[PDB]
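Protein chains: 2
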Amino acid sequence: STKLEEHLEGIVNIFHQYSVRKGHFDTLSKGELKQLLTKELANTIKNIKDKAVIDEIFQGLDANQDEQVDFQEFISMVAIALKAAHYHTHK
Amino acid sequence: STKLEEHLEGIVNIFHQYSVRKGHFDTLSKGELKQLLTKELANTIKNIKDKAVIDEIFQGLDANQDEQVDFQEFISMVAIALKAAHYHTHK
Ligand code: NA
Ligand code: NA
């Protein structure tokens, strides 16, 4: 595989470690997504200087905590958080 | 960093290796994105059973080949191809 594909493989696997926990095996609730981001992007989130960004994301997840989201929506949200962090994923 | 963060770091770096080549440092043309995907997702693409999916993504990139796309959009496109491959990125 390419480097990109190896990285994606790893992300796919992590997403599914969360999505299999309840209900349909490859979606998770917005409530569950909030937990995932909180733990798995802990350093990225601390690196976001404007705290309204995750405030807003999490407020949206809270507003529809039982709505299901797929990999594509997960990675979209991750990309938002990444950009807000200036792409800083390190402690 | 978490394992998710390490993987995301890798992906950020690869995107920017492409975006720095021409024009604006953090975007690339849809034509350049087609090259990026063709090379860096080569195995994933071969893994897509429905060839109308990548033909269609590529149609859009050819149609609007001079439009600039950012990291968020790159991620979105990668997610579409990945889904179509049932998340298989290995040869
Ligand atoms: Na689930
Ligand atoms: Na560029």
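For the record, the sequence lines run as chains A and B. If you count the first sequence from 1, position 7 lands on 6 in the entry's author numbering, and the numbers rise without skipping. If you count the second sequence from 1, position 33 lands on 32 in the entry's author numbering, and the numbers rise without skipping. Built from N, CA and C at the ideal position, the CB exists for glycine as well.
query = Any beta-carbon of chain A closer than 7 angstroms to the one on residue 18 of chain B?
reply = Answer no: the Cβ-Cβ gap between residue 18 of chain B and chain A never drops below 7 angstroms.
message = Determine, for residue 52 of chain B, whether the minimum Cβ-Cβ distance to residues of chain A falls below 7 angstroms.
response = The beta carbon of residue 52 of chain B sits no closer than 7 angstroms to any beta carbon of chain A.
ask   = Helix, strand or coil: which one does DSSP assign to residue 64 of chain B?
value = The answer is coil: DSSP assigns residue 64 of chain B none of H, G, I, E or B.
Proximity test, residue 60 of chain A beta-carbon vs ligand 1 heavy atom, cut-off 6 angstroms = Not so, every heavy atom of ligand 1 lies at least 6 angstroms from the Cβ.
ask   = If you measure from the CB of residue 21 of chain B, is any heavy atom of ligand 2 nearer than 6 angstroms?
value = Of the heavy atoms belonging to ligand 2, at least one sits nearer than 6 angstroms to the Cβ of residue 21 of chain B.
key: Proximity test, residue 27 of chain A beta-carbon vs ligand 1 heavy atom, cut-off 6 angstroms   = Residue 27 of chain A: yes, Cβ under 6 angstroms from ligand 1.
message = Quick check: residue 42 of chain A and residue 8 of chain B, are their CB atoms within less than 7 angstroms of each other?
response = Cβ distance not < 7 angstroms, so residue 42 of chain A and residue 8 of chain B don't count as in contact.
task = Quickly, what does DSSP pair residue 94 of chain B with across the bridge? List them, please.
result = The shown model of chain B, from 0 to 90, leaves out residue 94 of chain B, and the question about it has no answer.
inquiry  = Below 7 angstroms on C-beta distance, what does residue 74 of chain A contact in chain B?
reply    = Those are 74 and 78, listed as they occur along chain B.
query = Hey, is residue 47 of chain A's beta-carbon within less than 7 angstroms of any beta-carbon in chain B?
reply = With its beta carbon at least 7 angstroms from every one in chain B, residue 47 of chain A lies outside the interface.
message = Suppose the cutoff is 7 angstroms on Cβ atoms and the five residues either side in sequence are ignored; what does the same chain contact list for residue 39 of chain A look like?
response = Listed in chain order, the non-local C-beta contacts of residue 39 of chain A below 7 angstroms within the same chain comprise 13, local neighbours out to five positions each way being set aside.
ask   = Does DSSP put residue 18 of chain A in a helix, a strand or coil?
value = Looking at residue 18 of chain A - three-state DSSP - the assignment turns out to be helix.
message = Using C-beta distances below 7 angstroms, list every residue in its chain close to residue 79 of chain B, excluding the 5 sequence neighbours before and after it, in chain order.
response = In the same chain as residue 79 of chain B, and ignoring 5 residues on each side of it, the C-beta atoms closer than 7 angstroms to its own belong to 56, in chain order.
request  = Just confirm the distance between the C-beta atoms of residue 27 of chain A and residue 68 of chain A, as a whole number of angstroms; I'd bet it's less than 8 angstroms.
outcome  = A Cβ-Cβ distance of about 6 angstroms is found for the pair residue 27 of chain A and residue 68 of chain A, placing them in contact under the 8 angstroms criterion.
inquiry  = Just to confirm my understanding: we take residue 93 of chain A, look at its own chain, exclude 5 residues before and 5 after, and list those with CB closer than 6 angstroms. What are they?
reply    = The structure shown has nothing for residue 93 of chain A, since chain A only spans 0 to 90.
request  = Give a yes or no on whether the C-beta atoms belonging to residue 90 of chain A and residue 64 of chain A are separated by under 7 angstroms.
outcome  = No Cβ-Cβ contact shorter than 7 angstroms links residue 90 of chain A with residue 64 of chain A.
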